[PDB]
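Following: one structure in structure tokens, then a few remarks.
Below, chain A is the first sequence line, B the second, and so on; all start at residue 1.
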Amino acid sequence: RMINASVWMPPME
Amino acid sequence: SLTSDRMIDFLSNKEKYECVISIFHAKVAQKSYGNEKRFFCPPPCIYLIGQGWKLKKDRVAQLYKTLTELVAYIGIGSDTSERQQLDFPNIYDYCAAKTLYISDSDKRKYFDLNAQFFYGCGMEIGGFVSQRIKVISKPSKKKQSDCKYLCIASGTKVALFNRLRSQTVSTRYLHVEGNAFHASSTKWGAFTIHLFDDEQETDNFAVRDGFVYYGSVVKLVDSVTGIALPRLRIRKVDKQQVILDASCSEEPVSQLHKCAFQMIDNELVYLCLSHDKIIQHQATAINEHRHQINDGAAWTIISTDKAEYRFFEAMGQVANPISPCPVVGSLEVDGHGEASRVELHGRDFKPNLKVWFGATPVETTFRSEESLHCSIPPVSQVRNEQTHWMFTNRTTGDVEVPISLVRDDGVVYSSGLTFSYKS
DNA sequence: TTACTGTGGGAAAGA
DNA sequence: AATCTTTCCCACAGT
Ligand SMILES: OC[C@@H](O)[C@@H](O)[C@H](O)[C@@H](O)CO
Ligand SMILES: OC[C@@H](O)[C@@H](O)[C@H](O)[C@@H](O)CO
């Protein structure tokens, strides 16, 4: 199955 | 009594008049022993959505200026467990219950939550229940593998929370708010956890079915917004340390497990919290099989559920409470011709309800609380020139009708189901 | 300087 | 046997 979702990348510490 | 026409004003204007109440909770709760309290976490909470709530307040306002602030209580369906008061854009109001617990004096394997709503003037809105919650003695420790209830299957919902030395006061919850994942002190996200597959990134990805095991690559996806974290690998934690033993792949992720999420590109980088912000934290190695993490990188995972109710007092505002709301599971269409019956399954069917295939009502009977056999109205009598645009599909050409249950009171409960004229 | 209170983890017994 | 659940108990880090 396939899913779509904008990826949110967390910043770095 | 609901007239054919007032229905049309509602079906056309669903979101203007429809009151929606949603109760979010976890599927499991840890029992408390002796005189202790282990609070349900994440805290069961209630969202009041829809503009119908503003119009409900308007009605009660007018009504009581001839004869204010709405309060709610929540309990676990036991008479020695005190009920607790709930403190309060599409969202009208919000409250969470942070200090619910269940004691070992209660012997039930399962319980549910019951929230009751009143206005300050004292008119009861009514009582609403959550889904089944299973009592557990302690997070499971099984290394292998029957039950399955405590496992986490791909494509189901989870909350993720974070304790800090099990003491400052605080607990924080994974929650997306304005396009960003954060760690909220009051609200929690229900996320869909996916077992990521193969084809390396990003927006569009493949998923497998199956239970989630430690060592698996996983995708966390927000219910509400559709926003996802980067693909992550789930690891068990054992106080402040990430475990990495190959054998962990045999270990199912389970309710209330302490766990961590390592970046795929970088083994030492973990999903981590700093106050309310979500960040990438770099751990320090202890071992080929062991990492030292900050407290903010140790999460607790639990399956969650939701109970949604929808109603609108379509005629006047009603004297009786709108509870108990019925809920409809599925449809069953047996036989053919005109005399063919359609049955409904669910909960809290009362004798005082009629099935509305659209704007027209229909012949209904009543078997019991969880069953309701009824006739289908002749295809002709369902659309005309006041209904037609909302009733005929703009793609197939076939007629598809929204099903409703309506109380004689005048309150309609939109089922969420629409019937497809194919049979 | 003790009393008290959730929370996680370990001890013992039970299954 | 070995392993995992249930119940009881206490340390920890706050008020
Ligand atoms: O010390 C614990 C307490 O004695 C408990 O075992 C009670 O019998 C019961 O759970 C109270 O409901
Ligand atoms: O969940 C708590 C409940 O008391 C249950 O676990 C009993 O201990 C057991 O079901 C008795 O048959």
Separation of atom NZ in B:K98 from atom P in C:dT5, rounded to whole Å: 19 Å
Distance test, side-chain N/O of B:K37 to OP1/OP2 of C:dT5, below 4.0 Å: no
Atom-pair distance (CG on B:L100; P on C:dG6), nearest Å: 13 Å
5′-ward residue of the pair B:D104/B:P139 relative to DNA chain D: B:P139
d(NZ, B:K107; P, D:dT6) in whole Å: 13 Å
Side-chain N or O of B:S140 closer than 4.0 Å to phosphate OP1/OP2 of D:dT5: yes
Nearest-Å distance for atom pair CD/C1', residues B:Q144 and D:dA2: 12 Å
Pair listing, side chain to side chain donor-acceptor pair (under 3.5 Å) test, anchored in residues 311-331 of chain B, at least two apart: B:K56-B:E313, B:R59-B:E313
side-chain hydrogen bond (donor to acceptor under 3.5 Å, both in side chains) assessment of B:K422 paired with B:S420: CA-CA 6 Å; B:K422 307 300 274 76; B:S420 184; over 6 Å; no
Under 4.0 angstrom between B:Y33 side-chain N/O and D:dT7 OP1 or OP2: yes
Pi-cation contact, B:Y149 with B:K134 (under 6.0 Å, within 45°): yes
Sequence-aligned protein contact record of nucleotides 10-15 of chain D, with B where the base is within under 4.0 Å of a protein heavy atom and S where only the sugar-phosphate is: ---BB-
Options D:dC4, C:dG6, C:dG8, nucleotide nearest the side-chain atoms of B:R163: C:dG8
Spacing between B:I136 atom CD1 and C:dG8 atom P, to the nearest angstrom: 11 Å
Residue closer to the 5' end of DNA chain C, B:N35 versus B:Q240 (nearest nucleotide): B:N35
Rounded distance (Å) that lies between atom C1' of D:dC4 and atom CG of B:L150: 12 Å
Annotated protein contacts, base or backbone, on nucleotides 10-15 of chain C with a non-hydrogen cut-off under 4.0 Å, one of B, S, - each: BB----
Distance in angstrom units between B:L256 CG and D:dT6 P, rounded: 14 Å
Enclosure of B:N179 CG (heavy-atom neighbours >12, cutoff 6.0 Å): no
Parallel, tilted or perpendicular: ring planes of B:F311 versus B:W53, cut at 30 and 60 degrees: perpendicular
B:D106: salt bridge (charged side-chain N to carboxylate O under 4.0 Å, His left out) partners, not counting sequence neighbours: B:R108
B:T365 and B:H373 side chains, donor-acceptor separation under 3.5 Å: yes
Where at least one partner belongs to residues 205-216 of chain B, residue pairs that pass side chain to side chain donor-acceptor pair (under 3.5 Å), sequence neighbours excluded: B:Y214-B:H257
Rounded interatomic separation in angstrom, taking CZ from B:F161 and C1' from C:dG8: 11 Å
side-chain hydrogen bond (donor to acceptor under 3.5 Å, both in side chains) partners for B:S103, two or more places apart: B:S105
Test: B:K187 cationic atom under 6.0 Å from B:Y94 six-membered ring centre, within 45° of axis: yes
Phosphate OP1/OP2 of D:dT7: any B:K31 side-chain N/O under 4.0 Å: yes
